[PDB]
Amino acid sequence: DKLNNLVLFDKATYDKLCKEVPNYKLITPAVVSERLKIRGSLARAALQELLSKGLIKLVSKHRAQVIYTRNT
Amino acid sequence: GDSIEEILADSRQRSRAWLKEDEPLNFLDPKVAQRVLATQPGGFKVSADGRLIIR
Amino acid sequence: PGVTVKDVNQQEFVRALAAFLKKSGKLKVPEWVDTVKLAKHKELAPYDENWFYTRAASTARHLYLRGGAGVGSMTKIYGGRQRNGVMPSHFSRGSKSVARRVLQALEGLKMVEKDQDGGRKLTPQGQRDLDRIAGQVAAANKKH
Amino acid sequence: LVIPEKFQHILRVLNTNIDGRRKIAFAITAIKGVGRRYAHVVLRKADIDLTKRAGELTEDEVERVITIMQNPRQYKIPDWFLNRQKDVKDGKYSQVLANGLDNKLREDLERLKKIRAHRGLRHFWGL
Amino acid sequence: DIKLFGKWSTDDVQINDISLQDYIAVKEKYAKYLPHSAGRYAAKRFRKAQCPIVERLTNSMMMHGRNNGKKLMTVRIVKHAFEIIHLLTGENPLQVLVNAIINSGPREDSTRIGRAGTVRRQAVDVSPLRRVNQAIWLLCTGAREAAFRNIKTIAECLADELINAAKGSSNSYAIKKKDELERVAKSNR
Amino acid sequence: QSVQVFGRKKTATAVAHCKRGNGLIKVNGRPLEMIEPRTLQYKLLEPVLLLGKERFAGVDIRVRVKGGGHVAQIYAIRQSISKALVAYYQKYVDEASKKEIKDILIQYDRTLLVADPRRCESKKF
Amino acid sequence: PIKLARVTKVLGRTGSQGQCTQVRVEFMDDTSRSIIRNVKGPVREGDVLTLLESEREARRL
Amino acid sequence: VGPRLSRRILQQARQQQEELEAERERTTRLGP
RNA sequence: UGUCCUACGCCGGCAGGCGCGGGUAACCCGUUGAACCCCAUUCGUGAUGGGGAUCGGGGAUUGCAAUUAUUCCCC
């Protein structure tokens, strides 16, 4: 039915993303949005937030599609 | 003038030019004006003997 | 041997030139810099609240590339597509007041001067300032 | 970031419910009488970041936004920016938002009816 | 070496179907930097078989009105889809696309015939060129119908469709369409 | 010694002037890593990536481009560059080198030395 | 079983609207069998086809 | 090529040759 | 295509006003700086920042005359 994706991070969601996101073998705002129930802006902002800590590797960036991967 | 086809004939605009494209055209070649043209490129019954019929 | 503006990425040039003009602080920002749409075919105000600096940087770059341009040329350049309701879209020019104000502010910087044949053009101060900031951008990008 | 402890999911502004899980420049637009452009200028006149979400504003910023909303002219909002510029009964530059718009439309249609002009008679023959 | 997109090697690409070898053109003569060539590939019959197959996919992404002619958009989509495919499976996306086309082509189809009121289906075989054509068309249709109203980008759905069609899994739209077409053609011998 | 050739697409026309140099390659005063669409960037560098930078190491080319659209301008640029190189190695360098260059340019992309004869059709009454 | 077979010569366009092609088809594993098949799509000599059930011959007037 | 395209190409080549060849008050008083 | 096309300067935020020039024309608009497109930002599946109809107020322009909204601009 109607999606109810969250607009700001809850505690449990923030913890599970900070311990689960840097190993997906696919990091993209859409996929983390659909598996974490997060609206796309918050998922995006979390993704450059995780890139700022060096835990996330960028491989290409575009105005329509920015794509990441794990470090090792 | 004295060409056969002109004599045997049934008898803005001047600034139009045609290039030709062979080797690539060299504008700095002294013989390039040969590849730049100034104009556009491009009833009787026979008898049994074969002589024509004129009337 | 000196790197030219034409040898530099233009969007990073505009960004660094806008940063330089904001750092100098000698631009005459109008009072209505907040409450205006940049053309009649726009719908919202620009989100970047320092839009005057970016527009002035873009205007300086354009007058470097092709001088002799007036207000009407600037309105043609930043013109765009107006979506006319349920009617076919058309081309509409930019607002004349914003072009006039960015031209007069760049002129008050001594960056831009009038000419006899028409509208505005660059000063030698403008040319060497753009060359210097272009050298900075080329050093920050090509040497990295 | 994460949720603050004071996030308000639904705001009550001018007897209007405001969904806090929205951008502020469009949560203000959700109020009747305020569009996108007017919400953007009233939030920029209040010196409030437009990247910041609506639902976790403090009360001070909400009250300052409201005081700019019912008082535009006192905060350099231009005269040509308003809904009702020259009101026919008492000419003053105004901005009616929640119930004033519905009311002032109602007596506009009532004035059109009472003089028996073509527009009022036509619109009240339309229903 | 000629590599697609400055990265992508064509020497290790092999075709496992002998029917489609002459109609899937990814080899050293057909290896190109970009899927944009603007060649006169439809002025004569069977000419489009010599097209690089990435260019055929790019030309078949320009569908449904609004996207007509937007080829730079589709080469952007193809580039991002190839990156997503590589970063997902760890293997070259050219082989993934070749396997997806091979597993996506209908090998046996049906033809509507009739004389007067009696309309029936006759099973016929599918030529390799039409196999390639329906494979490309069904892959593009699968990606397009897959996303269309969700957070998933066209590149991610396209990458997922080529990945699942190369695997032959039933989750792909193209595989399901091929299965139902072959089931109808088998029931109309 | 110097040469001057032209290349074209539908209405986009480019003129390339080729002179001795050190390997500075320019269109409209800009480098080829600066011409507006990066998506077709490899279409610009195709003679560079096939023929190698060593064969471009002793030449300066300047191209003036006008007409058409972005894609047609790129195609005119690459056609003019390839024709300029062919003309230089025909006029002032040996014939055989021009032979392998013109060859490999043909079996990669046949349009690199001949214009595409496709243009918009007219409408009649 | 899945079979593979080369087109030898095309007999011509068949079907009510000319939507099919009747064609001469021979196997590669045993280059003695020779069959008539009808196909959908453009075909030429030298094409090789994947035949699902290789017993019956196509038949259309 | 045809008339219009060749005319544009000739003008481009002429302007390019001129700007490669390229790289005060008028004499009001006639005497030196 | 143009003696109504318009360059340029000033005022207004925009429709628009004032002045001063060019063009009876490959000479001036006009190196016709067009839109899709490309790059970057925000938006996140929600009849929603998609979609714009119908309405309320105000300003301007063409005309003897705009009411049954001539047309344009803003909210």
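Residues numbered from 1 in each chain as written, not as in the entry; some residues may be left out. Chains lettered and ligands numbered in written order. Part of a larger assembly, values for the part shown. Heavy atoms only, no water. Residues with missing side-chain atoms left out of burial classes, pairs and counts.

cryo-EM is the method the PDB entry states for this structure, with the resolution given as 3 Å.

Asker: Could you give me a rundown of the protein's contact with RNA strand I, with the residues and numbers involved?
Answerer: Residues in close proximity to RNA strand I total 72 residues, the closest being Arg39 and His62 of chain A, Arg120 of chain C together with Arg84 and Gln85 of chain D. Taking the atoms of RNA strand I that fall within 4 Å of the protein, sugar and phosphate contribute 61% of them. Measuring from a base nitrogen of RNA strand I, one finds a side-chain N or O atom of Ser15 of chain B at 3.5 Å. With respect to RNA strand I, the backbone of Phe81 of chain D contributes an N or O atom lying 3.5 Å from a sugar or linking oxygen. In terms of residues, the surface near RNA strand I owes the most to one element, helix α3 (residues 71–77) of chain C, which gives five residues. (Near = heavy atom within 4 Å. Polar contact = N/O pair within 3.5 Å; in protein donor to acceptor, adjacent residues only side chain to side chain. Helix = DSSP H or I, 4+ residues; strand = E, 2+ residues; numbered from the N terminus.)

Asker: An account of the packing of aromatic side chains is needed here, citing residue identities and associated values.
Answerer: All told, the structure shown has nine aromatic pairs over all chains when counted by the stated rule. Pairing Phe9 of chain A with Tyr14 of chain A gives two aromatic rings, centres 6.1 Å apart and planes at 45°, and the pair type is tilted. On the numbers, 6.2 Å between centres and 50° between planes, the contact of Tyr33 of chain E with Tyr108 of chain F is tilted. Of the two residues, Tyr33 of chain E is situated in the segment before α1 (53–60) and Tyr108 of chain F in helix α4 (residues 95–108); the pairing between them involves two chains. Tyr108 of chain F carries the same exposure label as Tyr33 of chain E, and that label is buried. One aromatic cluster is present, built from ring pairs that chain together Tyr38, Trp80 and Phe81 of chain D. Across from the ring centre of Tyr75 of chain F, 5.2 Å away, lies the NZ or CZ of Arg78 of chain F, which sits over that ring. Over the ring of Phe6 of chain F we find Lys83 of chain F, and its NZ or CZ is 4.4 Å from the ring centre. (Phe/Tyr/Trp six-rings, centres within 6.5 Å; stacked < 30°, edge-to-face > 60°. Buried < 20%, exposed > 50% of the residue type's maximum accessible area, 1.4 Å probe, protein only. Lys NZ or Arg CZ within 6 Å of the ring centre and 35° of its normal.)

Asker: Hey, could you go over a nonpolar patch on the surface for me, with residue numbers and the actual values?
Answerer: All names here are of chain B. On the surface, a cluster of nonpolar side chains totalling about 460 Å² of accessible area is made up of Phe44, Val46, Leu52 and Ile54. Following the sequence through the fold, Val46 ends up in the segment after α1 (4–7). When its relative accessible area of 59% is taken as the criterion, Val46 is described as exposed. (Patch = residues over 30% accessible without salt bridge, like charges linked within 9 Å, V, L, I, M, F, W, Y side chains within 5 Å. Areas by Shrake-Rupley, 256 points an atom, 1.4 Å probe, with all protein chains shown as cover. Salt bridge = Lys/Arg side-chain N within 4 Å of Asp/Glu carboxyl O.)

Asker: Break down the arrangement of the chains for me, citing the residues and quoting the values.
Answerer: Here nine pairs of chains make contact, and the pair sharing the most contacts is chains E and G. Note that chain D does not reach chain F: the shortest distance linking a C-alpha of one to a C-alpha of the other is 31 Å. (Contact = heavy atoms within 4.5 Å.)

Asker: Hey, could you go over the pattern of salt bridges for me, with residue numbers and the actual values?
Answerer: The tally for this structure, following the rule as stated, stands at 35 salt bridges over all chains. Between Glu56 of chain D and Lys52 of chain D there is a salt bridge whose closest N-O contact spans 3.7 Å. With a relative accessible area of 18%, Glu56 of chain D lands in the buried category. Salt-bridge contacts for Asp90 of chain D lead to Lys92 of chain D; the nearest nitrogen and oxygen are separated by 2.7 Å. Its relative accessible area of 34% is what places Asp90 of chain D among the partly exposed residues. Linked by salt bridges that have partners in common, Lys43, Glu46, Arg78 and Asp109 of chain F make up one network.

Asker: Summarise the nonpolar core; cite the residues concerned and give the values.
Answerer: Counting 87 residues, the largest nonpolar core has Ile24 and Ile53 of chain E together with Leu32 of chain F as its most contacted members. No other element matches helix α3 (residues 70–91) of chain F, which puts twelve residues into this core. Every residue in contact with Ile53 of chain E, bar those within four places of it in the chain, is listed here: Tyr23, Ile24, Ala25, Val26, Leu97, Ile101, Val132 and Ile136 of chain E. One finds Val14, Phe20, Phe52 and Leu130 of chain C within the second-largest nonpolar core, a separate group that totals 38 residues. (Core = buried A, V, L, I, M, F, W, Y, C linked by side-chain atoms within 4.5 Å.)

Asker: Tell me about the sheet that holds strand β3 (residues 34–40) of chain G, and please be specific about residues and values.
Answerer: Sheets are built from strands paired through backbone hydrogen bonds, the pairs being either parallel or antiparallel. A sheet is described by the order of its strands in space; here six strands give the open sequence β1(E)-β2(E)-β3(G)-β2(G)-β1(G)-β4(G), paired in mixed fashion. Each edge of the open sheet is held by one strand with a lone partner, namely β1 (108–114) of chain E together with β4 (48–51) of chain G. Within this sheet the neighbouring strands show an average axis-to-axis angle of 50°, counted without direction. Sheet topology places strand β1 (residues 3–14) of chain G next to strand β2 (residues 20–27) of chain G; eight bridges connect them, and they run antiparallel. Looking at the pairing, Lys9 of chain G lines up with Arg24 of chain G of β2 of chain G. Helix α6 (residues 173–187) of chain E contacts β1 and β2 (119–126) of chain E of the sheet and is inclined by roughly 55° relative to β1 of chain E. (Pairing = 2+ DSSP bridges. Axes fitted to C-alpha atoms, helices over the stretch in contact; angles between N-to-C directions.)

Asker: Residues and numbers for the interface of chain E and chain G, please.
Answerer: At the interface, 24 residues of chain E touch 19 residues of chain G. Summed over both sides, the interface of chain E with chain G buries roughly 2,100 Å², with 53% coming from carbon and sulfur. Our enumeration of links across chain E and chain G arrives at one salt bridge. The salt bridge involving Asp109 of chain E is made with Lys40 of chain G; its shortest N-O contact spans 3.3 Å. In this structure, the connection of chain E to chain G is made through eight residue pairs in polar contact. Of all the secondary structure elements, the ones that give two or more residues to the side of chain E that touches chain G are β1, β2 and α4 (128–146) of chain E. Broken down by element, the residue count for the side of chain E that touches chain G peaks at six residues, all from β1 of chain E. (Buried area = accessible area lost by both parts, 1.4 Å probe.)

Asker: Explain the interface of chain D and chain A residue by residue, including any values.
Answerer: Across the boundary between the two partners, chain D contributes eight residues, which contact nine residues of chain A. Across the chain D/chain A interface, buried area totals approximately 770 Å², and carbon plus sulfur atoms make up 60% of it. The largest share of the area that chain D buries against chain A comes from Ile3, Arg21 and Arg53 of chain D, three residues that together contribute 61% of it. Joining chain D to chain A, the criterion identifies four residue pairs in polar contact.

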